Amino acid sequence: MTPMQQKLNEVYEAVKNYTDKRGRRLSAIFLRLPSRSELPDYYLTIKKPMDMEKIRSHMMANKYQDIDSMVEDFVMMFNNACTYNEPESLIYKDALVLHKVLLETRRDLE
């Protein structure tokens, strides 16, 4: 695997694997967004749906030319979560924390 592919897998795994101070894996809610059949209202609040399974499949299909492209999908996903849920909710706070982890991970790989 190229250094580019190694950095992509590392960024993805940092987000996926992060746990909080009590061991809770924050990424669990962001793996699979329910379909529009199951969750119509989300697809009207949210222009471009995104979840980690989609990011993972783009990564296995090498569709990421650089790291910036992967971060954009992650930031899109976390912005989506912070649009659909209110700031006081757990999912909003989990999105904010994983967003910070994402950027700190990209920075550490600079």
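Definition used throughout: the rigid core is the maximal C-alpha set that superposes within 1.5 Å between two forms. Note that residue numbering follows the sequence shown and begins at 1.
Engineer: 3 to 11 versus 99 to 107: which one's CA atoms end up farther from this form in 9 other deposited structures of this protein after a core fit?
Structural biologist: Result of the core-fitted comparison in 9 other deposited structures of this protein: 3 to 11 deviates more.
Engineer: Which of 58 to 66 and 35 to 43 lies farther, on average, from the shown form in 9 other deposited structures of this protein once the rigid core is superposed (C-alpha RMS)?
Structural biologist: Comparing 58 to 66 with 35 to 43, the larger C-alpha deviation in 9 other deposited structures of this protein belongs to 35 to 43.
Engineer: Which is higher on average in the deposited entry, the C-alpha temperature factors of 99 to 107 or of 1 to 9?
Structural biologist: It is 1 to 9 that shows the higher mean C-alpha B-factor.
Engineer: Determine, for stretches 67 to 75 and 25 to 33, which one has the higher mean CA B-factor as deposited.
Structural biologist: For C-alpha atoms only, the mean B-factor is higher in 67 to 75.
Engineer: Can you tell me which of 59, 82, 50, 39 has the maximum CA B-factor listed in the PDB entry?
Structural biologist: Max CA B-factor in the entry, restricted to 59, 82, 50, 39: 59.
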